[PDB]
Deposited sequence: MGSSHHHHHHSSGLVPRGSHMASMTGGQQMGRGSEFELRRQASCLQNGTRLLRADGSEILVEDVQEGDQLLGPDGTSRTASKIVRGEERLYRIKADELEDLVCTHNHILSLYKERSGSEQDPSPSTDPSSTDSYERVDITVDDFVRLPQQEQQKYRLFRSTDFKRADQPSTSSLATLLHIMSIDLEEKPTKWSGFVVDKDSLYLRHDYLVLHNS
């Protein structure tokens, strides 16, 4: 469940707003093969902004699942936004967002927004992973 305005990659490569994703739309997965979106949902609530370096922030709901990498090379970890929020900061520093091109990105901040915001979400088939416009790997 992402903030409205987030741009995802379609199966061809072109962009699409997350609020415009409809039932059966073809998104792009991290392995290059296609993805089918279903069970579109909308809402409005105070979201979490994840500030990473270089890349545009990731604004999502508290129950959103992050696909991250953890140190000690790296191991693949899926963790919800709430649990990651409650993690100690020295533990949070061991996690990395990642994109498909094998680039790692440090999570530098994560905070609750001041005002509510419209958000859209869906579910994805296969490995249930899809790609943001900047090729950031996102989960259901």
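Judged by missing C-alpha atoms, the gaps in the deposited chain sequence fall at residues 1 to 43, 116 to 132, 162 to 174, 214, listed in sequence order.
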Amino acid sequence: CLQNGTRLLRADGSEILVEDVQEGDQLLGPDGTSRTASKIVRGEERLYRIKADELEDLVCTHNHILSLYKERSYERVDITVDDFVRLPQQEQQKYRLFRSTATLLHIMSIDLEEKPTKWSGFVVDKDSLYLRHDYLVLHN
From here on, numbers count along this sequence of modelled residues.
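Between the stretches 57 to 65 and 86 to 94, it is 86 to 94 that shows the larger average CA temperature factor.
Split the chain's modelled residues into thirds by C-alpha temperature factor. Residue 36 is in the middle one. In the deposited entry, the Cα temperature factor of residue 49 places it in the lowest third of its chain's modelled residues. Ranked by Cα temperature factor within the chain, residue 78 sits in the lowest third according to the deposited record. Placement of the Cα temperature factor of residue 112 within the chain: lowest third of the modelled residues, per the deposited record. Annotation for residue 125: CA B-factor lies in the highest third of the chain's modelled residues.
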